[PDB]
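A.B. asks: before the rest arrives, take these chains from my complex:
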Amino acid sequence: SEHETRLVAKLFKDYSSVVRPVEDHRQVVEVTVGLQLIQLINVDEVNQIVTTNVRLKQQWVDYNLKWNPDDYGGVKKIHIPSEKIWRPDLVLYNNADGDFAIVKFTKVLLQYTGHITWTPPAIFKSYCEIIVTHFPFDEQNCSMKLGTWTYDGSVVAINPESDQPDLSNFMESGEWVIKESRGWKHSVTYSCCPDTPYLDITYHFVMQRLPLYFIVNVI
Amino acid sequence: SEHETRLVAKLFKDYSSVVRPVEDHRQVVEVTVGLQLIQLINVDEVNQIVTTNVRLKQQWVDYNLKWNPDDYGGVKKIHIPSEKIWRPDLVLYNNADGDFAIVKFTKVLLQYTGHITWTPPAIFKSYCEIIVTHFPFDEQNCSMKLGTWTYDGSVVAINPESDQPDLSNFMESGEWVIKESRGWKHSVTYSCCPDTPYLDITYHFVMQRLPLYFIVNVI
Amino acid sequence: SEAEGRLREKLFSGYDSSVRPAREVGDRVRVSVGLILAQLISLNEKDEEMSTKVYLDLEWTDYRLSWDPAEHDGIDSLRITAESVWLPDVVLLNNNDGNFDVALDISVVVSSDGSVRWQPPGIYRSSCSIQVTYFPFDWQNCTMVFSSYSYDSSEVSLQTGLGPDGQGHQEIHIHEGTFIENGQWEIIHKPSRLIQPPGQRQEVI
């Protein structure tokens, strides 16, 4: 506690959360992004909105937040308020009517190597096309396009943690079964700028309805 | 290019938003109050609540916020955050279940004479005695009693800007027609205090229902 | 209150509410978790969501907040706004609406030996799997899972609070003359358990 108090005071005495945490402005901050789907809260076919409970793990190295553990009694990791540090501004591009960005600023785990792990919770109300023709026996391919809103791919590169979303903590929905899921990183190019790519990670879930209820109560 | 920063710094170096903005404490702050009605949002006969969109224009002179324009390059007006300055605490006395006071703290326009104009938006849910006997052809006289909550008439005096509310920006309603409107200032005396009046401004609107919907769907 | 003001100013000199009170690097903060149910607000079978009004009862030792009462005018306990001390980020993990935190950060009580006791109110909407099969004659088994969002089991150790007799009263507490009874649901069993992990966190359910 005494060691960690000293450490936190010394880390944040001159920290700036405005500029990117690189040593050289020509370097790219590389952010690993992992989506954990905790619960599929709702599907709204009328307004075409999918409500999901997620944990959005982000990992990156902050150059200025290194320390030597032997200076601080063997403290190898600390927990700090995430409002103090620079963070990537991941935005849900296909937000329907929820929050575009993270709003629950939980604690960041910071390691002596400067590696930061942040795992904020979120509720995503994404917008996706709903195909109702076969209802109730339909299946929906609905997606979440995540990307840095104001940084382009030449200054902050985002990489998916795994080719699939994390479903280990997923609570079983009572009306929809996730047939499959997958995350793809994309790198769009524009006619202004042959050099700078624009990056996004689109997670998608193919979910199938459990029709039994509509069989009993309607059919 | 730097004189407005100088002006704001000079004004607020020793400002206090707690004391009334008068030269002598025995003086009365004269506040001009003007209700602008932007939209009659709703009328609820079941809970007897009238919901309206308003701009509550307030004008008063802050004695300490004068400046000489020639000291500042001919700057005759500036915009200040209203949280910085003293403000009259107008409260909707007949609040039903909304906000009692203003909560959108927009900027005030401050002139070199010390004259402050503040035009906060508000949504008022006033309590109105709905009369249902003649329903649906009924006329409702609904009122908004506004006044300073904690200051009495010997320290803050409020004066209506005009005999009538400002309906110039009023969006026409789909179910009620405002037949007339009128603000009356009242001063009341209590047995505690022969000397100090208590002041309120009651605006009222006579709204007439358009009966056609209820003629079609019910009669 | 001269002595209380001076003691309060003494304790928070150089204190950091963001740093957990582990004296040695390997030390774990033991946190006792108890629950008092003030009102079972509702159960909703459409949202599979149970709404409850509760008081938490969190107890831990912060060595930085101990003092000798005989020196400080016999003051043997102190009441302090909770924002100013280190708090375990105990949150309702299985909440349904994204509200993890307590409803109101009321003051903690600090004993002269450094025991901190905190009883914040909370309105919670936990997710609860509904046994629809026998509705309306059904019974339900809803859970509230409390855990630190940040700290590992190597940093904060949870355990169930004891009863007034000091027995291992692993239960939800319900005061007979205070509990707001529900018109549709009757509480039958109200135990609690500490769940060990299989980098990992304990849970109190």
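C.D. replies: Sure thing, it's come through. Numbers count the residues shown, from 1 in each chain, chains lettered A, B, ... in the order given.
A.B. asks: interface residues of chain A facing chain C?
C.D. replies: Counting by CB under 8 Å from any CB of the partner chain, the positions of chain A adjacent to chain C are A:1, A:3-5, A:8-9, A:39, A:41, A:53, A:73-75, A:78-81, A:104, A:106-107, A:109, A:121-123, A:171, A:174. (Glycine included, C-beta is placed from N, CA and C.)
A.B. asks: these in strands, which ones?
C.D. replies: Mapping the residues of chain A next to chain C onto strands (DSSP state E) picks out A:39, A:41, A:53, A:78-81, A:107, A:109, A:121-123.
A.B. asks: longest strand of chain C?
C.D. replies: strand C:29-44.
A.B. asks: beyond it, next helix or strand please.
C.D. replies: strand C:49-61 (DSSP states H and E).
A.B. asks: dump the residue contacts of the residue of chain C found nearest chain A.
C.D. replies: With CB to the nearest CB as the measure, residue C:150 is the residue of chain C nearest to chain A, at 4.2 Å. Counting by CB atoms under 8 Å, 6 or more residues apart in numbering or on different chains, residue C:150 makes contact with A:79, A:106-107, A:109, C:89.
A.B. asks: residue A:146: which of the ones in strands among the residues of chain A next to chain C is nearest?
C.D. replies: Nearest to residue A:146, judged by CB to CB, of these is residue A:122 at 10.3 Å.
A.B. asks: please name the bridge partners of the residue nearest to that closest one when sequence neighbours are not counted.
C.D. replies: Nearest non-adjacent residue to residue A:122, counting by CB to CB, 6 or more residues apart in numbering or on different chains: residue A:54, 5.2 Å away. Residue A:54 has the following beta-bridge partners by DSSP bridges: residue A:37, residue A:122.
A.B. asks: farthest pair within the contacts of residue C:150?
C.D. replies: Farthest pair in the contacts of residue C:150, by CB to CB: A:109 and C:89, 12.3 Å.
A.B. asks: now the residue of chain C closest to chain A. Nearest residue, chain neighbours left out?
C.D. replies: residue A:107 (4.2 Å).
A.B. asks: and the gap between the one you found and residue A:214?
C.D. replies: 43 Å (CB to CB, to the nearest Å).
A.B. asks: which one's more surrounded, these two?
C.D. replies: residue A:107 (19 against 14; other CB atoms under 10 Å in any protein chain shown).
A.B. asks: can you name the residues of chain C that neighbour chain A?
C.D. replies: C:14, C:16, C:18-23, C:25, C:48, C:63-64, C:89, C:96-98, C:100, C:127, C:149-151.
A.B. asks: assign a three-state SS to residue C:25, would you?
C.D. replies: Of the three states, residue C:25 takes coil under DSSP: H, G, I helix; E, B strand; the rest coil.
A.B. asks: slot chain D in:
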Amino acid sequence: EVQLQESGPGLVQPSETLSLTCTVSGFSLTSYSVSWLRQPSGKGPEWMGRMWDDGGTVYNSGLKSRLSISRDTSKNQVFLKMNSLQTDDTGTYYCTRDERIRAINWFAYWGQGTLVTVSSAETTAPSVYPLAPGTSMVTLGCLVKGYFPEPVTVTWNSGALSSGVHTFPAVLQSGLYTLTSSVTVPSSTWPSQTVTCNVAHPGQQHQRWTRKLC
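C.D. replies: Same chains as before, plus chain D:
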């Protein structure tokens, strides 16, 4: 500007305490951390601990129980107390001023270093044996053995040693020092002229002189 005068006892008995003091000049202890380094005889340097500018301390985990560091900002002093000393603790001790960048520290200035030797042997006078061969210039010498502690001073005729003399470093054996010295002298000079080594030992103000014979 920046100076760190480390000081303390040279010889220390086993199992007792050692005290060292570093006196700072050119900067204020309230704004620069001070750290202690140790260089065991025959080994590379190692870090023992740091007195922080804010008044806290941190220690090497292997020395945590044996070390204490403290400071007095009123006269710019930093103190190191160590207990349970052993022969393995013999070496050179440096105080250093540390630079910082955010939470990263490195040693930027050093003291001149104080040699601390852990031993129990008592000061002893040297014997001075002549060294002559078994049968333009030939080397002949003197063996100065059995003395303690360091140093020992050796000259030849006390005024005529000249640059043709070497003083090979002393060696510890059985807790006492042994040294050798040699001079180059003509083959006819050393058996006839009183070529003599003069040796002195400040540890007990001892003095001897030994000629060359065969």
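A.B. asks: so the residue of chain A found nearest chain C bridges to which residues?
C.D. replies: Closest to chain C within chain A is residue A:107: 4.2 Å, counting by CB to the nearest CB. Residues in a beta bridge with residue A:107, per DSSP bridges, are residue A:81.
A.B. asks: can you tell me which residues contact it?
C.D. replies: A:79-82, C:89, C:149-150.
A.B. asks: now the residues you listed as a markdown table including distance to residue A:210?
C.D. replies: Below are those laid out as a markdown table (distance: CB to CB, whole Å):
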| residue | distance to residue A:210 |
| --- | --- |
| A:79 | 40 |
| A:80 | 43 |
| A:81 | 42 |
| A:82 | 38 |
| C:89 | 36 |
| C:149 | 32 |
| C:150 | 36 |
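A.B. asks: what's the most distant pair in these?
C.D. replies: Farthest pair in the contacts of residue A:107, by CB to CB: A:80 and C:149, 13.7 Å.
A.B. asks: if we can go back for a sec, and which of the contacts of residue A:107 is nearest chain D?
C.D. replies: residue A:80 (12.4 Å).
A.B. asks: the closest one: neighbour count?
C.D. replies: 20.
A.B. asks: next one: residue C:121
C.D. replies: 15.
A.B. asks: also residue A:127?
C.D. replies: Neighbours of residue A:127 using other CB under 10 Å come to 21.
A.B. asks: the one 3 residues further on now?
C.D. replies: Residue neighbour count, defined by other CB under 10 Å, stands at 17 for residue A:130.
A.B. asks: kindly report the same for residue A:92.
C.D. replies: For residue A:92, using other CB under 10 Å, the count is 23.
A.B. asks: state the distance from it to residue A:102.
C.D. replies: 9 Å.
A.B. asks: tell me the SS of the residue most central in space within chain A?
C.D. replies: For chain A, the residue nearest the mean C-alpha position is residue A:56 (3.4 Å; CA atoms, centre = their mean). With three-state DSSP as the basis, residue A:56 sits in strand.
A.B. asks: make sure it is actually in contact with residue A:31.
C.D. replies: No: between residue A:56 and residue A:31 there is no contact under CB atoms under 8 Å: 11.1 Å.
A.B. asks: ok, how many other residues are close to the closest residue to chain A within chain D?
C.D. replies: Proximity to chain A, evaluated over chain D using CB to the nearest CB, is greatest for residue D:103 at 3.8 Å. Other residues lying near residue D:103 total 21 when counted by other CB under 10 Å.
A.B. asks: that one: what's its closest spatial neighbour, skipping adjacent residues?
C.D. replies: Using CB to CB, 6+ apart, the nearest residue to residue D:103 is residue A:67, at 3.8 Å.
A.B. asks: residues near the one you found, how many?
C.D. replies: 22.
A.B. asks: while you're at it, add chain E from this line:
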Amino acid sequence: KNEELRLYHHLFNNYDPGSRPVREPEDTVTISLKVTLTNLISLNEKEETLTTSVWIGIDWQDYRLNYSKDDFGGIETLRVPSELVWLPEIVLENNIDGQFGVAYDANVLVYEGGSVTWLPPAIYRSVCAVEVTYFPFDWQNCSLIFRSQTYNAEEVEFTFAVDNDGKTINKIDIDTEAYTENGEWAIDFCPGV
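C.D. replies: Same chains as before, plus chain E:
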């Protein structure tokens, strides 16, 4: 060292976000406005609320934020929290729920030469008086009204953005390759004035 930190200190160590980027008080700031409609979320005729998600592109010159890339290692853009710069305080005047401002405070981008760009996303619930006369075959003329909450027309002035062809985008911008139609309504025209 990080050149971005030098540039940030150089620009903002003596910057006042409370005053307009004009050299003389009688100068008007010109704002270029673009609205990109991402989704038409709903139209509720019972409450007469149109719910839409938009991106508001706002561009202006701020001479106080002028730098050359040659002086700062070739930096051509800087990202800054929007609370740190002067903003024209654009609001949706005809909202119905009392939410005047944007949903997310995105960073502004400061380009060399003093160009400031802001692209906040917003959720808006505007008033739309519903003409029910021919329902269910009806069409509705909803409108979005953007104005500065603080400044009059002599202080802040609007112009429509100009596309890469040089043509003014005097309308709502929608991207054909990603726009998903609403399940109840379609958009026919979207002029701006």
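A.B. asks: chain E added, so what about the neighbour count of residue A:130 now?
C.D. replies: If we define neighbours as other CB under 10 Å, then residue A:130 has 19 of them.
A.B. asks: repeat that for residue A:204.
C.D. replies: Neighbour count of residue A:204, defined by other CB under 10 Å: 17.
A.B. asks: in the helix or strand encompassing it, what's buried?
C.D. replies: According to DSSP H and E, residue A:204 maps onto strand A:193-209. By 16 or more other CB atoms under 10 Å in any protein chain shown, the buried positions in strand A:193-209 come out as A:198-205, A:207, A:209.
A.B. asks: ok, so of those, who is nearest chain D?
C.D. replies: residue A:199 (29.5 Å).
A.B. asks: in space, what's closest to that closest one - neighbours in sequence excluded?
C.D. replies: Nearest to residue A:199 is residue A:153, by CB to CB, 6+ apart, at 4.1 Å.
A.B. asks: okay, helices next: where are they in chain C?
C.D. replies: C:2-11 (DSSP state H).
A.B. asks: need the contact list for residue 56.
C.D. replies: Answering for chain A, as no chain was given. A:33-36, A:90, A:102, A:119-122, A:146.
A.B. asks: wrong one, chain E
C.D. replies: E:33-36, E:90, E:102, E:118-122, E:146 are the contacts of residue E:56 under CB under 8 Å, 6+ apart.
A.B. asks: need the residues you listed in CSV (columns: distance to chain C and secondary structure).
C.D. replies: As requested, the contacts of residue E:56 are exported to CSV (distance: CB to the nearest CB, whole Å; DSSP: H, G, I helix; E, B strand; the rest coil):
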residue, distance to chain C, secondary structure
E:33, 34, strand
E:34, 33, strand
E:35, 30, strand
E:36, 28, strand
E:90, 30, strand
E:102, 21, coil
E:118, 28, strand
E:119, 27, coil
E:120, 23, coil
E:121, 20, strand
E:122, 21, strand
E:146, 31, strand
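A.B. asks: kindly reformat these as TSV containing distance to residue E:138.
C.D. replies: Converted to TSV, those look like this (distance: CB to CB, whole Å):
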residue	distance to residue E:138
E:33	30
E:34	29
E:35	24
E:36	26
E:90	31
E:102	31
E:118	36
E:119	34
E:120	32
E:121	30
E:122	27
E:146	26
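A.B. asks: next, format those as a markdown table and append distance to chain A and neighbour count.
C.D. replies: Listed next are those as a markdown table, based on distance: CB to the nearest CB, whole Å; neighbours: other CB atoms under 10 Å in any protein chain shown:
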| residue | distance to chain A | neighbour count |
| --- | --- | --- |
| E:33 | 19 | 18 |
| E:34 | 16 | 19 |
| E:35 | 16 | 23 |
| E:36 | 12 | 17 |
| E:90 | 17 | 23 |
| E:102 | 9 | 23 |
| E:118 | 9 | 23 |
| E:119 | 8 | 18 |
| E:120 | 9 | 22 |
| E:121 | 5 | 22 |
| E:122 | 9 | 20 |
| E:146 | 19 | 18 |
